[PDB]
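**Q** What follows is protein-v1.cif, mmCIF, C-alpha atoms.
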data_work
loop_
_atom_site.label_atom_id
_atom_site.label_comp_id
_atom_site.auth_asym_id
_atom_site.auth_seq_id
_atom_site.Cartn_x
_atom_site.Cartn_y
_atom_site.Cartn_z
CA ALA J 3 67.47 124.31 102.41
CA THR J 4 68.27 120.97 104.19
CA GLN J 5 71.93 121.74 103.16
CA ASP J 6 71.55 125.34 104.55
CA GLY J 7 70.30 124.11 108.01
CA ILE J 8 73.26 121.62 108.27
CA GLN J 9 75.73 124.32 107.04
CA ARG J 10 74.55 126.70 109.87
CA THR J 11 75.38 124.03 112.57
CA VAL J 12 78.73 123.02 110.89
CA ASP J 13 79.85 126.69 110.36
CA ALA J 14 79.04 127.51 114.04
CA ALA J 15 81.49 124.79 115.32
CA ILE J 16 84.21 125.14 112.61
CA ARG J 17 84.82 128.93 112.17
CA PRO J 18 85.58 129.34 115.93
CA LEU J 19 87.77 126.12 116.04
CA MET J 20 89.93 127.40 113.11
CA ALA J 21 90.19 130.98 114.57
CA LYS J 22 91.21 129.50 118.00
CA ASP J 23 93.84 126.98 116.74
CA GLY J 24 95.01 129.03 113.66
CA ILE J 25 94.02 126.18 111.23
CA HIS J 26 94.46 127.59 107.65
CA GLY J 27 92.11 125.19 105.80
CA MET J 28 89.48 122.57 106.67
CA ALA J 29 87.21 120.35 104.53
CA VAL J 30 84.25 118.88 106.48
CA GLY J 31 82.16 116.02 104.99
CA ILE J 32 78.70 115.43 106.53
CA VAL J 33 76.40 112.46 105.83
CA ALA J 34 72.80 113.25 106.96
CA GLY J 35 69.78 111.14 105.88
CA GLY J 36 72.42 109.23 103.84
CA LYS J 37 73.18 112.32 101.60
CA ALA J 38 76.74 113.73 101.25
CA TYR J 39 77.27 117.45 101.95
CA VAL J 40 80.78 119.01 101.89
CA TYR J 41 81.71 122.36 103.52
CA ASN J 42 85.11 124.00 102.81
CA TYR J 43 86.86 126.68 104.97
CA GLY J 44 89.98 128.93 104.58
CA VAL J 45 93.09 128.23 102.41
CA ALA J 46 94.90 125.06 101.18
CA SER J 47 98.10 127.23 101.39
CA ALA J 48 98.52 130.46 103.45
CA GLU J 49 101.52 131.49 101.22
CA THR J 50 99.48 131.68 97.91
CA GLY J 51 95.87 131.91 99.28
CA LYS J 52 94.67 128.91 97.23
CA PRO J 53 91.25 128.22 98.83
CA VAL J 54 90.20 124.72 100.03
CA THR J 55 88.00 123.31 97.20
CA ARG J 56 86.12 120.09 96.28
CA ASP J 57 89.46 118.76 94.85
CA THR J 58 91.82 119.67 97.81
CA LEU J 59 93.84 116.67 99.19
CA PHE J 60 94.55 116.34 102.97
CA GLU J 61 96.76 113.64 104.63
CA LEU J 62 94.45 111.07 106.36
CA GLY J 63 97.24 109.83 108.74
CA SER J 64 96.13 106.68 110.67
CA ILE J 65 92.68 106.80 108.95
CA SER J 66 94.68 105.03 106.13
CA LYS J 67 94.50 101.93 108.44
CA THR J 68 90.69 101.64 107.77
CA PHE J 69 91.54 101.20 104.02
CA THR J 70 94.17 98.55 105.00
CA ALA J 71 91.58 96.91 107.35
CA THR J 72 89.04 96.99 104.42
CA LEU J 73 91.55 95.30 102.02
CA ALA J 74 92.39 92.51 104.58
CA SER J 75 88.60 92.02 105.15
CA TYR J 76 88.08 91.74 101.32
CA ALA J 77 90.91 89.12 101.02
CA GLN J 78 89.16 87.17 103.87
CA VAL J 79 85.71 87.22 102.09
CA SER J 80 87.45 86.16 98.78
CA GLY J 81 89.14 83.17 100.57
CA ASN J 82 92.67 84.60 99.88
CA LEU J 83 93.33 84.32 103.68
CA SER J 84 91.71 83.77 107.12
CA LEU J 85 92.30 86.21 110.07
CA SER J 86 93.02 82.98 112.15
CA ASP J 87 96.19 82.47 109.97
CA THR J 88 99.74 83.23 111.26
CA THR J 89 102.25 85.68 109.66
CA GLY J 90 104.51 82.62 109.04
CA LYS J 91 102.07 81.22 106.42
CA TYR J 92 102.62 84.37 104.21
CA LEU J 93 106.16 85.54 105.15
CA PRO J 94 108.04 82.18 105.42
CA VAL J 95 111.21 84.23 106.29
CA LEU J 96 109.43 84.30 109.75
CA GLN J 97 108.22 80.60 109.98
CA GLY J 98 109.75 79.14 113.23
CA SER J 99 110.11 82.64 114.84
CA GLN J 100 107.77 83.92 117.63
CA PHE J 101 106.32 86.73 115.40
CA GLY J 102 105.70 84.03 112.74
CA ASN J 103 103.01 82.60 115.12
CA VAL J 104 101.14 85.96 115.62
CA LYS J 105 97.65 85.63 114.01
CA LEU J 106 96.48 88.24 111.40
CA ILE J 107 93.47 89.19 113.66
CA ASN J 108 95.98 90.38 116.32
CA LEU J 109 97.69 92.62 113.66
CA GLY J 110 94.38 94.27 112.64
CA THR J 111 93.27 94.89 116.31
CA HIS J 112 96.63 96.09 117.88
CA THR J 113 96.74 92.88 120.11
CA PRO J 114 99.93 91.07 118.86
CA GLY J 115 101.62 90.94 122.33
CA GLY J 116 103.56 94.24 122.25
CA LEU J 117 104.91 96.22 119.26
CA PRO J 118 106.23 99.83 119.12
CA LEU J 119 103.91 102.72 117.99
CA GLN J 120 106.36 103.68 115.14
CA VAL J 121 108.57 101.48 112.90
CA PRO J 122 111.99 102.09 114.56
CA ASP J 123 114.40 104.39 112.61
CA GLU J 124 117.08 101.61 112.12
CA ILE J 125 114.63 99.65 109.84
CA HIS J 126 115.06 101.14 106.30
CA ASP J 127 113.46 98.39 104.06
CA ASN J 128 111.10 95.34 104.30
CA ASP J 129 114.19 93.01 104.65
CA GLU J 130 115.54 94.88 107.77
CA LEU J 131 111.88 94.77 109.04
CA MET J 132 111.64 90.94 108.47
CA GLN J 133 114.98 90.63 110.45
CA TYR J 134 113.66 92.75 113.37
CA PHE J 135 110.55 90.50 113.43
CA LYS J 136 112.74 87.33 113.50
CA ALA J 137 114.45 88.85 116.63
CA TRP J 138 111.05 89.93 118.13
CA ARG J 139 109.72 88.45 121.44
CA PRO J 140 106.25 89.16 122.90
CA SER J 141 106.33 91.64 125.88
CA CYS J 142 102.63 91.09 126.81
CA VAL J 143 99.89 88.44 126.17
CA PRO J 144 98.77 88.28 122.50
CA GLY J 145 94.93 88.65 122.38
CA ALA J 146 94.84 90.18 125.90
CA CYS J 147 97.10 93.28 125.46
CA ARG J 148 96.26 96.29 123.21
CA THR J 149 99.34 98.26 121.96
CA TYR J 150 98.41 100.75 119.15
CA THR J 151 101.10 100.14 116.43
CA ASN J 152 101.87 101.16 112.76
CA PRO J 153 104.10 98.09 112.09
CA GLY J 154 101.24 95.77 113.20
CA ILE J 155 98.44 96.88 110.82
CA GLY J 156 101.29 97.72 108.36
CA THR J 157 102.42 94.08 108.28
CA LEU J 158 98.72 92.99 107.88
CA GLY J 159 98.77 95.23 104.74
CA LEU J 160 101.95 93.51 103.43
CA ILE J 161 100.43 90.02 104.22
CA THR J 162 97.09 90.99 102.50
CA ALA J 163 99.14 92.07 99.39
CA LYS J 164 101.05 88.70 99.30
CA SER J 165 97.78 86.69 99.76
CA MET J 166 96.45 88.34 96.49
CA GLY J 167 99.70 88.00 94.37
CA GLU J 168 100.04 91.82 94.02
CA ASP J 169 101.93 94.78 95.68
CA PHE J 170 99.95 96.85 98.27
CA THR J 171 99.91 100.40 96.71
CA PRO J 172 98.57 99.11 93.33
CA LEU J 173 95.95 96.82 95.05
CA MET J 174 94.68 100.00 96.78
CA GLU J 175 94.98 102.57 93.89
CA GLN J 176 93.75 100.25 91.05
CA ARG J 177 91.16 97.89 92.71
CA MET J 178 89.98 99.13 96.17
CA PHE J 179 89.66 102.95 95.52
CA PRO J 180 87.91 102.34 92.13
CA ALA J 181 85.69 99.53 93.62
CA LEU J 182 84.63 102.01 96.44
CA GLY J 183 84.23 104.81 93.79
CA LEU J 184 86.98 107.08 95.26
CA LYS J 185 88.57 109.10 92.39
CA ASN J 186 90.49 111.64 94.60
CA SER J 187 92.34 109.13 96.87
CA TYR J 188 96.07 108.37 96.57
CA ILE J 189 99.12 106.94 98.34
CA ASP J 190 101.25 108.41 95.46
CA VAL J 191 99.76 111.81 94.44
CA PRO J 192 100.11 112.09 90.62
CA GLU J 193 102.11 115.16 89.29
CA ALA J 194 98.84 116.40 87.70
CA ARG J 195 97.16 116.55 91.22
CA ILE J 196 100.11 118.15 93.17
CA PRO J 197 98.43 121.62 92.86
CA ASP J 198 95.44 120.05 94.75
CA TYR J 199 97.72 118.84 97.64
CA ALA J 200 96.95 121.27 100.55
CA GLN J 201 99.98 122.62 102.49
CA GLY J 202 100.43 121.07 105.97
CA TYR J 203 101.56 123.28 108.93
CA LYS J 204 103.52 122.24 112.10
CA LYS J 205 102.53 123.56 115.61
CA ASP J 206 104.93 126.58 115.04
CA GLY J 207 103.43 127.56 111.58
CA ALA J 208 106.21 126.17 109.29
CA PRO J 209 105.00 124.43 106.10
CA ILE J 210 105.42 120.59 105.80
CA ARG J 211 104.01 117.50 103.98
CA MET J 212 104.42 113.81 105.08
CA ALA J 213 107.60 111.73 104.41
CA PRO J 214 107.25 108.20 102.92
CA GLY J 215 108.88 105.36 104.95
CA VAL J 216 108.56 101.65 105.92
CA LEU J 217 104.88 100.48 105.76
CA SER J 218 103.75 104.17 105.35
CA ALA J 219 101.28 103.33 102.52
CA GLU J 220 99.80 100.57 104.77
CA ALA J 221 99.83 102.77 107.94
CA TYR J 222 99.55 106.62 107.37
CA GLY J 223 100.16 107.30 103.63
CA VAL J 224 96.70 107.96 102.08
CA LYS J 225 95.62 111.47 100.92
CA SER J 226 91.92 112.03 100.12
CA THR J 227 89.12 114.64 99.89
CA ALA J 228 86.11 115.22 102.23
CA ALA J 229 83.83 114.14 99.28
CA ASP J 230 85.79 110.84 98.88
CA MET J 231 85.75 110.11 102.68
CA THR J 232 82.02 111.13 102.81
CA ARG J 233 81.42 108.31 100.24
CA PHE J 234 83.66 106.00 102.36
CA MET J 235 81.27 106.72 105.32
CA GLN J 236 78.18 105.96 103.13
CA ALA J 237 79.90 102.64 102.14
CA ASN J 238 80.67 101.97 105.88
CA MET J 239 76.89 102.45 106.65
CA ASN J 240 75.83 99.88 103.92
CA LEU J 241 74.18 102.71 101.83
CA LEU J 242 75.92 102.14 98.40
CA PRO J 243 74.86 99.17 96.17
CA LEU J 244 78.36 97.63 95.42
CA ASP J 245 79.33 93.95 94.66
CA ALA J 246 78.13 91.64 97.51
CA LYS J 247 81.72 90.62 98.58
CA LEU J 248 83.15 94.21 98.90
CA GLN J 249 79.88 95.18 100.73
CA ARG J 250 80.37 92.23 103.21
CA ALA J 251 84.14 93.02 103.51
CA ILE J 252 83.40 96.66 104.51
CA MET J 253 80.72 95.86 107.14
CA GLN J 254 82.83 92.99 108.65
CA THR J 255 85.60 95.52 109.58
CA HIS J 256 82.94 96.57 112.21
CA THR J 257 83.06 93.11 113.94
CA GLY J 258 83.95 93.75 117.65
CA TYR J 259 86.98 91.64 118.72
CA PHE J 260 88.30 93.13 122.02
CA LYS J 261 87.02 95.33 124.89
CA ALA J 262 89.83 97.75 125.97
CA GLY J 263 88.82 100.35 128.61
CA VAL J 264 85.62 102.13 127.36
CA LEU J 265 86.32 101.15 123.69
CA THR J 266 85.38 98.17 121.45
CA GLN J 267 88.27 97.35 119.05
CA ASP J 268 87.03 96.21 115.60
CA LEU J 269 89.36 95.69 112.56
CA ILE J 270 91.10 99.11 113.14
CA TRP J 271 87.65 100.81 113.58
CA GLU J 272 86.96 101.59 117.30
CA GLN J 273 83.25 101.68 118.33
CA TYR J 274 81.03 102.81 121.28
CA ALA J 275 77.38 102.01 122.21
CA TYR J 276 75.04 104.69 120.69
CA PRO J 277 73.89 106.98 122.01
CA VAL J 278 77.37 107.92 123.34
CA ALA J 279 78.56 110.46 125.98
CA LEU J 280 81.36 113.00 125.14
CA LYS J 281 83.38 111.79 128.22
CA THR J 282 83.20 108.17 126.91
CA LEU J 283 84.61 109.29 123.50
CA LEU J 284 87.35 111.46 125.11
CA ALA J 285 88.55 108.56 127.36
CA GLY J 286 88.48 106.03 124.45
CA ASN J 287 90.44 108.47 122.17
CA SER J 288 92.91 109.56 124.97
CA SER J 289 96.72 109.65 124.27
CA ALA J 290 96.94 106.97 127.06
CA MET J 291 94.82 104.52 124.90
CA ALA J 292 97.21 105.44 121.98
CA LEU J 293 100.59 105.28 123.90
CA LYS J 294 99.96 102.62 126.65
CA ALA J 295 99.67 98.79 126.67
CA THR J 296 96.02 98.54 127.86
CA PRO J 297 94.24 95.34 129.05
CA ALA J 298 92.10 93.81 126.23
CA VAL J 299 89.37 91.10 126.65
CA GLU J 300 88.60 88.85 123.62
CA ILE J 301 84.83 88.91 122.83
CA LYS J 302 83.56 85.26 122.46
CA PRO J 303 82.16 84.96 119.89
CA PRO J 304 83.28 88.17 118.07
CA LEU J 305 80.50 90.85 118.22
CA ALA J 306 78.60 90.87 114.85
CA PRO J 307 78.54 94.31 113.13
CA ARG J 308 75.81 96.55 114.66
CA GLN J 309 74.04 99.80 113.59
CA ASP J 310 73.62 101.16 117.15
CA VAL J 311 77.29 102.36 117.51
CA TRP J 312 79.46 105.51 117.06
CA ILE J 313 82.33 104.18 114.85
CA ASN J 314 85.40 106.48 114.65
CA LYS J 315 89.12 106.69 113.75
CA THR J 316 91.58 109.58 114.41
CA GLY J 317 94.48 110.40 112.04
CA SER J 318 97.46 112.78 112.25
CA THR J 319 100.74 113.75 110.51
CA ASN J 320 103.33 116.53 111.25
CA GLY J 321 101.14 118.89 109.14
CA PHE J 322 97.54 117.46 109.27
CA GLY J 323 94.69 116.38 111.57
CA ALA J 324 91.71 114.23 110.49
CA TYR J 325 88.69 112.59 112.26
CA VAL J 326 85.97 110.23 110.91
CA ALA J 327 82.89 109.42 113.06
CA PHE J 328 79.62 107.83 111.78
CA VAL J 329 76.46 106.20 113.22
CA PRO J 330 75.06 103.51 110.89
CA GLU J 331 71.54 103.38 112.50
CA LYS J 332 71.23 107.19 111.82
CA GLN J 333 72.84 107.37 108.28
CA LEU J 334 74.89 110.15 109.97
CA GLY J 335 78.61 110.95 109.77
CA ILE J 336 81.39 113.57 109.81
CA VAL J 337 84.93 113.63 108.35
CA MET J 338 87.03 116.70 109.42
CA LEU J 339 90.26 117.34 107.38
CA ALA J 340 92.64 120.07 108.65
CA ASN J 341 96.12 121.24 107.51
CA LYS J 342 97.15 121.33 111.21
CA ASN J 343 97.67 118.44 113.71
CA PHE J 344 95.27 120.12 116.21
CA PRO J 345 94.35 118.27 119.45
CA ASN J 346 92.24 115.02 119.19
CA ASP J 347 90.16 116.23 122.23
CA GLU J 348 88.90 119.16 120.06
CA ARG J 349 88.26 116.94 116.98
CA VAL J 350 86.14 114.52 119.15
CA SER J 351 84.33 117.45 120.95
CA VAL J 352 83.47 119.32 117.69
CA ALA J 353 82.33 116.02 115.99
CA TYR J 354 80.25 115.24 119.15
CA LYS J 355 78.75 118.80 119.13
CA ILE J 356 77.88 118.58 115.36
CA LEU J 357 76.49 114.99 115.09
CA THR J 358 74.43 115.57 118.32
CA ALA J 359 72.78 118.72 116.83
CA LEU J 360 72.02 116.75 113.56
CA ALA J 361 70.56 113.69 115.43
CA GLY J 362 67.79 116.08 116.73
#
Write the structure described by the file as structure tokens, please.
**A**
Amino acid sequence: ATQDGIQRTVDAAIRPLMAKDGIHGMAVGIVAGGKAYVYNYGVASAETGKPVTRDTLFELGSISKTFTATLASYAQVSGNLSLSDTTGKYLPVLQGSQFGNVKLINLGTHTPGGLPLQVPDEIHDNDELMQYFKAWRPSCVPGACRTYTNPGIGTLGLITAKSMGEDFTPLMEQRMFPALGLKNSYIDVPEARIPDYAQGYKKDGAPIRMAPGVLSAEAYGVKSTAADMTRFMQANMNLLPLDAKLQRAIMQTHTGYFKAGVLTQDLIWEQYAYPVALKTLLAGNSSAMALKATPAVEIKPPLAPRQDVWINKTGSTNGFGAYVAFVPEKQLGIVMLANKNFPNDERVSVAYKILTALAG
């Protein structure tokens, strides 16, 4: 009945969106009054007609970075590292180099002083990456310049791993996902679950799934279900009784570090004063914020986590589109998972339309 009233709102945004953009399959997770509801639409694969189900895996894209941010936060709370530390401390290869003096906080907030969006094609392993970093020079002010980057948060992943004497993928698959209670969440999809892996579709309609690469696990590599992400949102609103340290780690990813345009940059999470206007969300989640070196102002001291915000992250691959938005003070959230990289403007609009109707 509560579920039926929410379904009617969610259907009324999603059916038309999928018809308009020719999205084959979507899984939408809602959190309302702290409860998880999951609504599935269309087909995992157009070729076979396998429907989207509870167990269907979508590529999270850059939403993976929130898991990386969570793991770094955990290592901080455990005293494995400080975010004030330099990359040099953990990758001595880089001690003496300019990049070796970039602080971890700058890697988790896209403020390292200029880094490319994508790991450049010439870098094929962590050793060629380390070399590139030795050569690296800052092209804007660290802690005053926001350049959205995979290698940045990626390298925070690698440094987090080292701090905890363990490789990244296993840290995530064997400690983090189980500690968060996520049983359908994978960097490496097991053979047994490959039937669950939804088919991605390019803009033209050709089938595709993501390619692994340098720092991909740390940057864009996670697959998950709406149910799993719905539980991630509940965790990110302090609603699940977990061990104190993991609970503190998760909420401290919400600390506000830099003001950049209309956006507050947390540890990967980007947040807005609630209530929030559509036009604010659209400007904060513009391609310009994603592609361009934007002025960033350090918040002194860092802004404590707060309930009264709209916290979001976008995520894309060649074949998939994903969007997480939640509002801690309302126990309210949406994750949209699509097997098409459909425009971010529409993701933000539809999320805005749905969470606004549910707020009252």
**Q** Quick one: residues within 10 Å of residue J:217, only C-alpha atoms, excluding same-chain residues fewer than 5 positions away - as a PyMOL selection string?
**A** chain J and resi 121+127-128+131+152-160+170+222-223
**Q** Would you translate the PyMOL selection byres ((chain J and resi 55-69) around 7) into the concrete set of residues it matches in this file, as number ranges by chain?
**A** J: 42, 53-54, 70-73, 155, 198-200, 220-227, 270-271, 315-319, 322, 324, 339, 341
**Q** Taking the file as I've supplied it (selection: the PyMOL selection byres ((chain J and resi 182) around 12)), which residues are included? Please answer as a PDB file with C-alpha atoms, in the frame of the given file.
**A**
ATOM      1  CA  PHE J  69      91.540 101.200 104.020  1.00  0.00           C
ATOM      2  CA  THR J  72      89.040  96.990 104.420  1.00  0.00           C
ATOM      3  CA  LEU J  73      91.550  95.300 102.020  1.00  0.00           C
ATOM      4  CA  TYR J  76      88.080  91.740 101.320  1.00  0.00           C
ATOM      5  CA  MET J 174      94.680 100.000  96.780  1.00  0.00           C
ATOM      6  CA  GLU J 175      94.980 102.570  93.890  1.00  0.00           C
ATOM      7  CA  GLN J 176      93.750 100.250  91.050  1.00  0.00           C
ATOM      8  CA  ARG J 177      91.160  97.890  92.710  1.00  0.00           C
ATOM      9  CA  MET J 178      89.980  99.130  96.170  1.00  0.00           C
ATOM     10  CA  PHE J 179      89.660 102.950  95.520  1.00  0.00           C
ATOM     11  CA  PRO J 180      87.910 102.340  92.130  1.00  0.00           C
ATOM     12  CA  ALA J 181      85.690  99.530  93.620  1.00  0.00           C
ATOM     13  CA  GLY J 183      84.230 104.810  93.790  1.00  0.00           C
ATOM     14  CA  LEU J 184      86.980 107.080  95.260  1.00  0.00           C
ATOM     15  CA  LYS J 185      88.570 109.100  92.390  1.00  0.00           C
ATOM     16  CA  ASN J 186      90.490 111.640  94.600  1.00  0.00           C
ATOM     17  CA  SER J 187      92.340 109.130  96.870  1.00  0.00           C
ATOM     18  CA  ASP J 230      85.790 110.840  98.880  1.00  0.00           C
ATOM     19  CA  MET J 231      85.750 110.110 102.680  1.00  0.00           C
ATOM     20  CA  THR J 232      82.020 111.130 102.810  1.00  0.00           C
ATOM     21  CA  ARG J 233      81.420 108.310 100.240  1.00  0.00           C
ATOM     22  CA  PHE J 234      83.660 106.000 102.360  1.00  0.00           C
ATOM     23  CA  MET J 235      81.270 106.720 105.320  1.00  0.00           C
ATOM     24  CA  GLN J 236      78.180 105.960 103.130  1.00  0.00           C
ATOM     25  CA  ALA J 237      79.900 102.640 102.140  1.00  0.00           C
ATOM     26  CA  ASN J 238      80.670 101.970 105.880  1.00  0.00           C
ATOM     27  CA  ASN J 240      75.830  99.880 103.920  1.00  0.00           C
ATOM     28  CA  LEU J 241      74.180 102.710 101.830  1.00  0.00           C
ATOM     29  CA  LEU J 242      75.920 102.140  98.400  1.00  0.00           C
ATOM     30  CA  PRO J 243      74.860  99.170  96.170  1.00  0.00           C
ATOM     31  CA  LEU J 244      78.360  97.630  95.420  1.00  0.00           C
ATOM     32  CA  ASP J 245      79.330  93.950  94.660  1.00  0.00           C
ATOM     33  CA  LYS J 247      81.720  90.620  98.580  1.00  0.00           C
ATOM     34  CA  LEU J 248      83.150  94.210  98.900  1.00  0.00           C
ATOM     35  CA  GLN J 249      79.880  95.180 100.730  1.00  0.00           C
ATOM     36  CA  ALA J 251      84.140  93.020 103.510  1.00  0.00           C
ATOM     37  CA  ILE J 252      83.400  96.660 104.510  1.00  0.00           C
TER      38      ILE J 252
END
**Q** If the PyMOL selection byres ((chain J and resi 294-300) around 7) were run on this exact file, what residues would it hold? Put them as a CSV table (one decimal) with C-alpha atoms, keeping the file's coordinate frame.
**A**
chain,number,residue,atom,x,y,z
J,145,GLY,CA,94.9,88.6,122.4
J,146,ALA,CA,94.8,90.2,125.9
J,147,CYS,CA,97.1,93.3,125.5
J,148,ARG,CA,96.3,96.3,123.2
J,149,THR,CA,99.3,98.3,122.0
J,259,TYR,CA,87.0,91.6,118.7
J,260,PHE,CA,88.3,93.1,122.0
J,261,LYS,CA,87.0,95.3,124.9
J,262,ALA,CA,89.8,97.8,126.0
J,290,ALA,CA,96.9,107.0,127.1
J,291,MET,CA,94.8,104.5,124.9
J,292,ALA,CA,97.2,105.4,122.0
J,293,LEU,CA,100.6,105.3,123.9
J,301,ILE,CA,84.8,88.9,122.8
J,302,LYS,CA,83.6,85.3,122.5
**Q** Write out as a list in words which residues come within 6 Å of stretch 116-120 of chain J when counting all atoms listed in the file, dropping same-chain ones fewer than 4 positions away.
**A**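 Here the answer would be residues 140, 141, 142, 149, 150, 151 and 152 of chain J.
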**Q** Since fewer atoms than expected are present, regenerate N, CA, C and O atoms for stretch 305-319 of chain J and write them as a CSV table (one decimal), in the coordinates of the input.
**A**
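Result written to part.csv:
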chain,number,residue,atom,x,y,z
J,305,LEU,N,81.8,90.1,118.3
J,305,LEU,CA,80.5,90.8,118.2
J,305,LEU,C,80.2,91.2,116.8
J,305,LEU,O,80.9,92.0,116.2
J,306,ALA,N,79.2,90.6,116.2
J,306,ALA,CA,78.6,90.9,114.8
J,306,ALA,C,78.6,92.4,114.7
J,306,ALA,O,78.4,93.1,115.6
J,307,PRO,N,78.8,92.9,113.4
J,307,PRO,CA,78.5,94.3,113.1
J,307,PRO,C,77.2,94.8,113.6
J,307,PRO,O,76.2,94.0,113.6
J,308,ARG,N,77.1,96.0,114.1
J,308,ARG,CA,75.8,96.6,114.7
J,308,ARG,C,75.7,98.0,114.2
J,308,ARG,O,76.6,98.6,113.9
J,309,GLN,N,74.4,98.4,114.0
J,309,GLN,CA,74.0,99.8,113.6
J,309,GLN,C,74.2,100.7,114.8
J,309,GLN,O,74.7,101.9,114.6
J,310,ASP,N,73.8,100.3,116.0
J,310,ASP,CA,73.6,101.2,117.2
J,310,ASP,C,75.0,101.5,117.8
J,310,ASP,O,75.0,101.4,119.1
J,311,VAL,N,75.9,102.0,117.0
J,311,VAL,CA,77.3,102.4,117.5
J,311,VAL,C,77.8,103.7,116.9
J,311,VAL,O,77.3,104.0,115.8
J,312,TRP,N,78.6,104.4,117.5
J,312,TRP,CA,79.5,105.5,117.1
J,312,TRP,C,80.8,104.9,116.7
J,312,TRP,O,81.5,104.4,117.6
J,313,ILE,N,81.1,104.8,115.4
J,313,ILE,CA,82.3,104.2,114.8
J,313,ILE,C,83.2,105.3,114.4
J,313,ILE,O,82.7,106.3,113.8
J,314,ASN,N,84.5,105.3,114.9
J,314,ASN,CA,85.4,106.5,114.6
J,314,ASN,C,86.8,106.0,114.4
J,314,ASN,O,87.1,104.8,114.8
J,315,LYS,N,87.6,106.8,113.8
J,315,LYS,CA,89.1,106.7,113.8
J,315,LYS,C,89.8,108.1,113.7
J,315,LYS,O,89.3,108.9,112.9
J,316,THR,N,90.8,108.3,114.5
J,316,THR,CA,91.6,109.6,114.4
J,316,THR,C,92.7,109.3,113.4
J,316,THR,O,93.0,108.2,113.1
J,317,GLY,N,93.4,110.4,113.0
J,317,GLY,CA,94.5,110.4,112.0
J,317,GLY,C,95.2,111.7,112.1
J,317,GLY,O,94.6,112.8,112.1
J,318,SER,N,96.6,111.6,112.1
J,318,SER,CA,97.5,112.8,112.2
J,318,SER,C,98.7,112.6,111.4
J,318,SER,O,99.1,111.4,111.2
J,319,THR,N,99.4,113.7,111.0
J,319,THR,CA,100.7,113.8,110.5
J,319,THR,C,101.4,115.0,111.1
J,319,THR,O,100.7,115.7,111.8
